[PDB]
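Peer 1: Below you'll find the sequence and an experimental structure to go with it.
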Amino acid sequence: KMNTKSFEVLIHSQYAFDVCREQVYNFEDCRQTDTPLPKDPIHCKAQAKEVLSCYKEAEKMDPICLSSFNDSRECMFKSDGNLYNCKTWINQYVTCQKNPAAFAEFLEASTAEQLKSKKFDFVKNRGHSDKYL
Amino acid sequence: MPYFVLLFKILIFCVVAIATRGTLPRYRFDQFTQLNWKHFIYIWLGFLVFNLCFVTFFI
Amino acid sequence: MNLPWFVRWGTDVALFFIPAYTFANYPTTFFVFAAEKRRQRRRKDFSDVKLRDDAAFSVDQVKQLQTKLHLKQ
Amino acid sequence: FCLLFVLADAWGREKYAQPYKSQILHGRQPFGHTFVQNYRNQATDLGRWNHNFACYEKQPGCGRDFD
Amino acid sequence: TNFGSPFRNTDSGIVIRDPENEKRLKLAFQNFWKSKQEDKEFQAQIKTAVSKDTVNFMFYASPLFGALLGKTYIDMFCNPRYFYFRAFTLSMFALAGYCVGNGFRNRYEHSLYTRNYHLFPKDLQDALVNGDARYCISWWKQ
Amino acid sequence: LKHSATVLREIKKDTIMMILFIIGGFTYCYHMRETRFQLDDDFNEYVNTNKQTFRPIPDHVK
Amino acid sequence: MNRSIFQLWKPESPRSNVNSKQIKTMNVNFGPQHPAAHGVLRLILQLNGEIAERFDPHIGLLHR
Amino acid sequence: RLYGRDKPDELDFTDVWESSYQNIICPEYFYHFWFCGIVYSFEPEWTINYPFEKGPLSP
Amino acid sequence: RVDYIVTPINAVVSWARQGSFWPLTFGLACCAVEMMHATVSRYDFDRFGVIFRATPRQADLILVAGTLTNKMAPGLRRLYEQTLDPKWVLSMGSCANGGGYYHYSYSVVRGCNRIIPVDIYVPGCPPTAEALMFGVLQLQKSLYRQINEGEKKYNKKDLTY
Amino acid sequence: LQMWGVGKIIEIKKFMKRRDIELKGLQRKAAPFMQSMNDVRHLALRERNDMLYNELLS
Amino acid sequence: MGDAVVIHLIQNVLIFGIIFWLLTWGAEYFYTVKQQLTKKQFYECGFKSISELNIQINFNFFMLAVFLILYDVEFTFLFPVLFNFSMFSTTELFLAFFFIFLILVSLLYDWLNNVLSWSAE
Amino acid sequence: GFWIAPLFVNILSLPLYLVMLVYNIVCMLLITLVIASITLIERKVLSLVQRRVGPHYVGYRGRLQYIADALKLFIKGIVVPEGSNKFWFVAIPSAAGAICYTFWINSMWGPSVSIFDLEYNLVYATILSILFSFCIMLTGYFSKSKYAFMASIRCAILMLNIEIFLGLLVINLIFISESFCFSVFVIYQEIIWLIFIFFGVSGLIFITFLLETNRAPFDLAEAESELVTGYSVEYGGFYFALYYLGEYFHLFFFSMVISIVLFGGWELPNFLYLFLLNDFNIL
Amino acid sequence: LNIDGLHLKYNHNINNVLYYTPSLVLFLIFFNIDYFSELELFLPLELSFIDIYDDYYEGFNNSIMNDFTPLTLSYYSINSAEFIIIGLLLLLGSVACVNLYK
Amino acid sequence: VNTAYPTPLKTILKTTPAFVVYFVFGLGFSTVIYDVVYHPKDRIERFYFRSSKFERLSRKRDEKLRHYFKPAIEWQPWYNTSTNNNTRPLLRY
Ligand SMILES: CCCCCCCCCCCCCCCCCC(=O)OC[C@H](COP(=O)([O-])OCC(O)COP(=O)([O-])OC[C@@H](COC(=O)CCCCCCCCCCCCCCCCC)OC(=O)CCCCCCCCCCCCCCCCC)OC(=O)CCCCCCCCCCCCCCCCC
Ligand SMILES: CCCCCCCCCCCCCCCCCC(=O)OC[C@H](COP(=O)([O-])OCC(O)COP(=O)([O-])OC[C@@H](COC(=O)CCCCCCCCCCCCCCCCC)OC(=O)CCCCCCCCCCCCCCCCC)OC(=O)CCCCCCCCCCCCCCCCC
Ligand SMILES: CCCCCCCCCCCCCCCCCC(=O)OC[C@H](COP(=O)([O-])OCC(O)COP(=O)([O-])OC[C@@H](COC(=O)CCCCCCCCCCCCCCCCC)OC(=O)CCCCCCCCCCCCCCCCC)OC(=O)CCCCCCCCCCCCCCCCC
Ligand SMILES: CCCCCCCCCCCCCCCCCC(=O)OC[C@H](COP(=O)([O-])OCC[N+](C)(C)C)OC(=O)CCCCCCCCCCCCCCCCC
Ligand SMILES: CCCCCCCCCCCCCCCCCC(=O)OC[C@H](COP(=O)([O-])OCC[N+](C)(C)C)OC(=O)CCCCCCCCCCCCCCCCC
Ligand SMILES: CCCCCCCCCCCCCCCCCC(=O)OC[C@H](COP(=O)([O-])OCC[N+](C)(C)C)OC(=O)CCCCCCCCCCCCCCCCC
Ligand SMILES: CCCCCCCCCCCCCCCCCC(=O)OC[C@H](COP(=O)([O-])OCC[N+](C)(C)C)OC(=O)CCCCCCCCCCCCCCCCC
Ligand SMILES: CCCCCCCCCCCCCCCC(=O)OC[C@H](COP(=O)(O)O)OC(=O)CCCCCCCCCCCCCCC
Ligand code: SF4
């Protein structure tokens, strides 16, 4: 449907959740049910289509966001889909997408260490009390 | 990498086992079975119950 | 001319540890450069991605800013 | 002795706030457990079930959304 | 540290050591606190689990209590003829007391920067949550 | 196994100190649990800072 | 602790199957080439459950 | 107990504590392990290199 | 020719079997005490890679250390036959060599060589610990050299045939 | 030591749960889009199957 | 639990054992085995074994296996509650303690009757 | 080429299976070398405890003693007793060797550094141990030596005890980790090693380790004084080498298991600086 | 018991031809309880589509991490009566075993 | 000035070469396992069961789409092999 891979879809959604909020609310209300069992998608098809169209619209990004998007993708590749471990890079990508003009000064006020290649190896650096959940 | 420290610990425990073999005498099968089934099973179950109680207290 | 016994023992310990430590830290010996190249290839590009029409900064401007800031080194 | 101690402590923990009361006396189980346990339980009478958030209306903070 | 920062998984993936960034973030938050020091309403609405006076007293008293306990322990059980083990155990008790006090202080800091999260502006909130001070450029003089 | 006065005094002091040590350990564990409660409260406040919106269930659910 | 005399001993009654050797006892040649044996002891051992019952020592392997 | 198989008229809690120490926390795997493995290994080897050294003899 | 591969492999096999030379835990008389003395630290047998094994199946050397009696000769023969090949036999002590002090007895066999093929003899009564070590080392050297003692003849191309 | 270690393990578990709260929040943020894509694919397959069944059974 | 990789690894291990089989066969070239009367007979410490294949043992400790059969399942029943003890409630805690107490009582009865030791027959 | 490609679809994949086989062979050879080095270490440590040099002349300063002993065991000939069952006498050691060389699959060398993505590591260990005990019992039975059969019975008793002992240990351990995977233990052991909780039962942990490793005081099956050699009284050469290798494999891997589950695995002992450490860092 | 492995000299052919082969034939002919279960390959796998469906809302609402959840929900919540019955049964069985030994 | 080693340390050092050889072999084995499990994935992928339900679904969505969804939606009556050597069901029944 999107021709986009799962982790990239998650990264894009982490920002698109704030642009198509009304469509997301409509879809959620349509799928709401009195039991945990899922509702038939035939009823929510229209809301899903609207949400997907807005997601297509939102997936576009400014070129300045490319470095942040790439580092977030690398983090989400080295970690098998753990959004918490890579939220900082995803947060930077969301910030760049929201008002990208300020991202120029954001990058300008960068330290030498930050201005370095970002390599992720979780086996070498597990972290602190990482539950992987 | 983690396997460096893991190998260090494995070597330590292997040396401990070798020293224990060189030091301690040998048990009898009946003696060890009696000891186990009369004391150690109760010890293990009591330790498990204590752990359950402590976990319940802290949670 | 003589050296302390503990100095000699530390020399032996270093001889054992430095090679083992380096080997442990680099299990993929001589292929770290290949890993870096693969990571660079995985890294996406402006053409690969789709960009907004009302971009605050153009692709050339972003490239110039990255070159000025030395973002990747 | 440990059982008696923990039971006394659990009964004394009523002083603390609701989320920190003893789990012996207060239940905290997954949504799969709670839904089946309190589906038509008039004793609890939690109310309707929030499908996309997996909780009843009367449970504290059932539907918690961003912004 | 045992757990690291509560907002993010510290040293997860890539390990980052940026003392300049740490100093800039600390300076930004210090400037924020100094700027809002005079605001009586803002000071009134600040909350913490344990009082600052209480945590200071605990920090400065726990090591002393540990030292007293160690002194009693060595007096009761240790032979006065020797001193190496007595000094070691007294130091261990003092370090235990210092550990209790430092934990009190660190938990006070954690409560201060967690309960009062909503009072900070958006930029400072983002800077605190993330490891980068670039979200709060204006605060550290740039 | 008759015991002398000094040995009996040492045993009695050991028992007393063991009792005091156990009581202190239990008290410290109680304090640690209280600390855990405080940390949970702090983190709950932090998380709920921005998650303040509650969406009512649609009327069509019933 | 309760009594265990019956579990500990088993007498043999005349022409009785239950009070008799209901098993084929292990007749082992403990030694001479046995690490425990000093080297010249040929002890015919009647084991029943790995418990010695009957001893027949032969000690002439070092008669000189 | 030292003189025969009999037992004291009045047992004391010292025996209880000794039995608990011996059973619950088995000291054999620590006491002997240390005393032999870690300490006795510090002595020079008593071996004599026969091909290049000879043992003491007398005229 | 196979010799190109056989000879180096022969040397490797000889070296391995010399390094790992496990005798049998079998002692009959006072010479067993000397064998234990040779085993213990003062003359560490493990230095030359010889470790005693209880079962004959796991033994390379038959240390006949002590007197052999008529009542035991069938047992010694059975042990020798049951020991897995290849194997060597080392007689230790005068009693094992030629009957020793009891050569004029009515019960002692006049020598273990009458029942077993004795590869080597270690004179003594009791042989010293160093004497037993010397005998074992000489037997090891002979064993290493036994694989190729220059039996096969060299042709014009220096290859054995 | 047993009591203190159990308390420490419980503290670690509760910290893990605290971070799981934020992980669940992020997963909730990312949920609706993937759900919509999956629903669209499922409905496309259902439409294909319905067309095939109608053609075969009509 | 794994996948078909486990079966493929079993096959690979069999091939690795074939490697040792080749080494053992090649070793045959460096020794000769003579035929002797007692070279292929049971070893009984330097003498002929009187009995072979009639090696019945006395199973006078069978109560231990009997109780192991029960206690293995008793312990196995405790795994789900230990795994999901974070979900424990009043009922689950009571049931777990009830089961543990039952196991303890069974062990105590066994000790009282003295069936955990070797017997005459 | 269009009409020829289909013929090679299954022919082009055999090299991949060959590569997998080669990698498995390399891993097995490396673990065999590790076990040989462990044997040499055991000999040297016993020599130190007994105040003797130990292996010193098989290779310069005894550097190739294990190689020499392995080659000698290969060289030694084997003969099956006439009264024994020819098929089983060779079948049992083959299965024992296969199981021992399958042991290494249930090992982790990092957070997810394992040859296979196995979750029930403890279950695998228990099953493999039971299979090895089966093989030892069958060896003792089919070798009609009375000492071998008694060794098999002792092995059965040891297995009976190990069942309950290791089951209770695993029950206590899983109560914290909540999983059978070795990785889940290290995350909880990062701050403090799990052995601190079990400090009271440290003696029982040591007993469990020794019993599972079949070391003293639990060397009943292979008791060399009570029995001639044990279950291998009638086995020589590589048949006995396989049993020795299996015993050392079990020792090494259960040492790894104990280290991972109770001593932090691949986490450094940070508890030595617990007092000076800080539990949080807020800027 | 039966260490040597020698067993009773039994000939199964007589019973196989007298009673078991025809009875088995009749039972196989007249026995089938499977009502309408369909073999794999009965229809193309491409017609089945439910296995691809994923519920991401339930996924993020689910906090389970082990496959013992049904087992605990059965043994300790729903079938706790049978769990206690099994415990009592095992205790009584141990008592009966001890009495049989005596 | 005989700056020789202490007696205990010198005694201990005898067995050190065995430790060094053991470390060499163990590092070789661990690195071989790491490389074998790293090359196919270009990383040390976390175990599937060591992940949340949502993470598992996200990880396997792409594989499901590539292996089942596309053939299912592009299916034709004559695509299936006549030998019945088709892909097995995802949930085998
Ligand atoms: C085409 C490519 C070309 C590439 C470039 C060219 C080639 C480069 C290759 C470089 C590496 C080659 C190996 C060098 C070895 C040097 C040996 C040496 O120093 O000689 C003296 C040393 C003298 O030893 P010795 O005569 O036996 O001992 C005398 C007495 O024992 C008394 O002994 P002592 O008192 O003297 O003390 C003994 C010990 C004293 O040392 C210590 O005390 C410290 C060490 C022990 C640590 C213990 C930790 C655990 C503690 C447990 C508890 C406490 C202990 C006590 C316990 C009991 C207490 C009761 O000292 C040593 O022997 C230290 C030397 C360390 C050598 C190992 C180095 C590498 C190891 C890691 C693997 C590396 C992989 C490759 C990496 C490549 C990239 C860098 O020589 C030896 O005999 C060697 C002993 C060690 C075994 C080495 C095995 C090597 C096998 C070959 C491996 C090939 C693969 C790797 C290379 C691949 C190519 C890159
Ligand atoms: C978070 C969890 C943490 C763990 C939790 C654990 C909880 C367990 C609870 C349950 C158990 C409780 C146990 C309590 C026991 C105490 C009870 C008590 O008070 O009883 C009174 C009872 C009554 O005694 P008393 O009648 O008063 O008589 C006094 C004694 O005569 C004594 O006479 P003295 O005092 O005149 O002489 C003894 C004194 C002797 O002292 C000395 O001689 C000074 C030290 C000399 C060091 C020698 C080695 C130097 C090595 C240098 C290497 C350089 C190499 C350079 C080249 C490198 C090249 C690579 O020994 C010491 O006290 C040494 C203590 C200092 C150790 C070193 C520093 C370690 C610091 C650790 C980190 C601290 C960071 C803070 C945070 C901590 C957080 C946990 O006292 C005793 O029995 C005392 C026993 C003392 C034993 C000392 C043993 C030291 C360790 C020996 C190691 C040997 C290894 C050899 C090599 C091995 C190779 C494989
Ligand atoms: C004499 C006359 C001439 C005869 C000619 C004979 C025929 C010649 C060949 C003719 C045909 C040539 C065809 C060429 C074109 C086609 C090539 C092709 O299809 O491949 C492309 C194919 C796919 O292409 P690609 O994606 O571009 O590849 C990029 C990399 O895959 C990307 O790598 P990555 O970033 O993904 O990183 C992971 C990579 C990186 O991993 C590595 O391979 C790097 C190195 C890892 C650690 C190595 C440590 C080894 C030492 C450990 C300690 C041993 C101690 C005990 C032994 C004693 C040692 C003294 O690992 C792997 O891919 C997994 C492979 C695991 C290899 C297994 C371990 C190797 C050592 C075997 C040891 C055997 C036991 C000891 C034997 C003792 C004998 C005395 O690439 C591969 O799969 C490469 C496989 C390489 C295997 C390892 C090669 C050896 C490396 C150097 C070490 C040599 C040690 C020798 C020891 C000797 C001692 C005496
Ligand atoms: C691998 C085996 C290792 C075994 C090592 C054995 C070495 C020999 C013994 C050395 C003992 C050294 C003394 C300190 C030992 C650690 C004590 C401990 O657990 O405290 C950590 C604890 C740390 O707990 P904490 O984690 O709550 O610390 C504060 C936490 N924050 C930061 C969140 C506030 O220290 C204290 O807090 C002080 C004591 C509090 C009261 C309860 C303590 C219960 C356990 C006491 C055990 C005492 C045993 C020794 C008795 C005296 C012997 C002289
Ligand atoms: C040349 C003559 C050949 C004669 C025929 C060969 C006979 C071979 C007999 C043994 C192998 C049988 C293979 C077929 C069964 C595969 C079952 C299966 O699905 O497993 C994978 C399954 C994989 O399932 P999955 O969960 O990955 O799901 C697959 C998903 N789809 C359908 C989409 C592909 O295994 C598991 O699920 C769990 C792992 C099991 C690991 C078992 C390890 C122990 C195996 C011991 C076998 C011993 C055999 C030899 C000795 C005994 C006598 C036979
Ligand atoms: C991935 C890494 C792989 C590494 C593999 C490394 C393993 C190497 C294994 C080498 C094995 C060598 C075997 C030698 C056998 C001949 C000698 C012998 O046994 O002697 C006794 C007997 C001969 O005994 P004899 O009667 O001559 O007596 C010799 C004694 N003297 C000298 C005193 C007379 O062997 C024979 O019968 C010889 C003739 C027949 C065999 C001829 C050679 C066949 C080779 C087959 C190779 C098969 C390869 C398979 C590969 C695929 C495997 C999956
Ligand atoms: C899996 C392997 C085992 C793991 C076990 C878990 C770790 C436990 C660590 C030790 C904690 C203390 C336990 C109690 C010790 C009691 C000793 C005792 O009885 O003292 C009095 C004993 C003797 O006193 P006694 O009174 O008991 O007996 C003597 C009797 N009279 C008085 C008549 C003479 O004194 C000693 O010598 C004690 C020395 C203790 C030293 C222990 C060292 C152990 C080292 C190895 C431990 C394992 C390390 C693993 C490292 C892994 C790293 C990755
Ligand atoms: C699981 C392994 C680790 C151990 C964990 C459990 C520890 C349990 C003991 C904690 C300390 C108890 C202090 C009691 C002080 C006291 O009253 O002390 C009173 C007297 C004092 O005796 P003295 O006058 O000789 O000092 O002691 C006693 O009465 C001894 C009581 C028994 C203690 C044995 C050890 C504990 C065994 C398990 C508990 C069951 C005991 C049953 C006894 C009949
Ligand atoms: S030769 Fe001498 S030492 Fe040896 S057994 Fe005969 S009498 Fe004893």
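Peer 2: Everything's here; your move. Numbering: from 1, shown residues only, chains lettered A, B, ... in the order given. Ligands and ions are numbered 1, 2, ... in the order given.

Peer 1: Need the nearest residue in space to residue 19, chain neighbours excluded.
Peer 2: Because you didn't say which chain, this covers chain A. Spatial nearest neighbour of residue A:19, chain neighbours left out: residue A:58 (4.8 Å); criterion: Cβ to Cβ, 6 or more residues apart in numbering or on different chains. For the C-beta atoms, the positions are set from N, CA and C on the backbone; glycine is no exception.

Peer 1: Chain I was what I was after
Peer 2: residue L:68 (3.2 Å).

Peer 1: Minimum distance to ligand 6, which residue of chain B gives it?
Peer 2: Relative to ligand 6, the nearest point of chain B is residue B:3 (24.6 Å; Cβ to the nearest ligand atom).

Peer 1: show me the contacts for that residue.
Peer 2: By Cβ atoms under 8 Å, 6 or more residues apart in numbering or on different chains, the contact list for residue B:3 reads C:24, L:109-110, L:113, L:266, N:26-27, N:30, N:34.

Peer 1: That one in helix, strand or coil?
Peer 2: helix (DSSP: H, G, I helix; E, B strand; the rest coil).

Peer 1: Pull the number of nearby residues for the residue of chain D found nearest chain M.
Peer 2: Nearest residue of chain D to chain M (Cβ to the nearest Cβ) works out as residue D:54 at 3.9 Å. Per other Cβ atoms under 10 Å in any protein chain shown, the neighbour tally for residue D:54 reads 21.

Peer 1: For it, what are phi and psi?
Peer 2: When read as degrees, to the nearest 10, the backbone of residue D:54 gives phi 60, psi 60.

Peer 1: can you tell me how far residue I:32 sits from residue I:66?
Peer 2: 6 Å (Cβ to Cβ, to the nearest Å).

Peer 1: between those two, what contacts are shared?
Peer 2: Both residue I:32 and residue I:66 are in contact with residue G:39, where contact means Cβ under 8 Å, 6+ apart.

Peer 1: I figured residue L:130 hits residue L:158, correct?
Peer 2: No: applying Cβ atoms under 8 Å, one finds residue L:130 not in contact with residue L:158, separated by 11.9 Å.

Peer 1: When those two are compared, which one has more neighbours?
Peer 2: Shown here are residue L:130 and residue L:158; by other Cβ under 10 Å, residue L:158 has more neighbours (22 against 14).

Peer 1: Which residues are in contact with the more buried one?
Peer 2: Counted by Cβ under 8 Å, 6+ apart, residue L:158 has contacts B:29, L:133, L:211, L:214, L:218, L:220-221.

Peer 1: need the contact list for the closest residue to residue I:98 other than its chain neighbours.
Peer 2: Leaving aside its chain neighbours, residue I:98 sits nearest to residue I:111 (4.8 Å; criterion: Cβ to Cβ, 6+ apart). Residue I:111 makes contacts with I:68, I:91, I:96-99, as judged by Cβ under 8 Å, 6+ apart.

Peer 1: Mind listing what's buried along stretch F:21-29?
Peer 2: residue F:29 (16 or more other Cβ atoms under 10 Å in any protein chain shown).

Peer 1: Dump it to CSV, keeping only the CA atoms.
Peer 2: What follows is stretch F:21-29, C-alpha atoms only, in CSV (Å, rounded to 0.1, in the frame of the first residue of the first chain):
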residue,chain,number,x,y,z
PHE,F,21,20.5,-6.0,62.8
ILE,F,22,17.4,-7.9,61.6
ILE,F,23,15.1,-5.2,62.8
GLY,F,24,17.2,-2.5,61.1
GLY,F,25,17.2,-4.5,57.9
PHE,F,26,13.5,-4.8,57.9
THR,F,27,13.1,-1.1,58.6
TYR,F,28,15.5,-0.2,55.8
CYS,F,29,13.5,-2.5,53.4
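
Peer 1: Tell me if it is near chain D.
Peer 2: No: counting by Cβ under 8 Å from any Cβ of the partner chain, no contacts exist between stretch F:21-29 and chain D, the nearest distance being 8.6 Å.

Peer 1: what sits up against that stretch?
Peer 2: B:57-58, J:3-4, J:7.

Peer 1: distance between that stretch and the chain's centre?
Peer 2: 10 Å (Cα atoms, centre = their mean, to the nearest Å).

Peer 1: Same check on stretch J:15-35?
Peer 2: With Cα atoms, centre = their mean, you get 9 Å for stretch J:15-35.

Peer 1: follow-up on the earlier one: out of the contacts of residue I:111, which are inside strands?
Peer 2: residue I:91 (DSSP state E).

Peer 1: dump the residue contacts of the residue in chain B positioned nearest to chain G.
Peer 2: Chain G sits closest to residue B:29 of chain B, with a gap of 8.1 Å, by Cβ to the nearest Cβ. Neighbour list for residue B:29: L:154, L:157-158, L:220 [criterion: Cβ under 8 Å, 6+ apart].

Peer 1: And for residue 23, the neighbour number?
Peer 2: If you meant another chain, say so; for now it's chain A. Other residues close to residue A:23 by other Cβ under 10 Å number 21.

Peer 1: The chain in question should be chain I.
Peer 2: For residue I:23, using other Cβ under 10 Å, the count is 21.

Peer 1: ok, for it, nearest residue in space, not its chain neighbours?
Peer 2: Spatial nearest neighbour of residue I:23, excluding adjacent residues (Cβ to Cβ, 6+ apart): residue I:61 at 3.9 Å.

Peer 1: Kindly state the beta-bridge partners for that neighbour.
Peer 2: Beta-bridge partners recorded for residue I:61 (DSSP bridges): residue I:23, residue I:88.

Peer 1: I'd say it and residue I:140 touch.
Peer 2: No: taking contacts as Cβ under 8 Å, residue I:61 lies outside contact range of residue I:140: 9.3 Å.

Peer 1: All set now, cheers.
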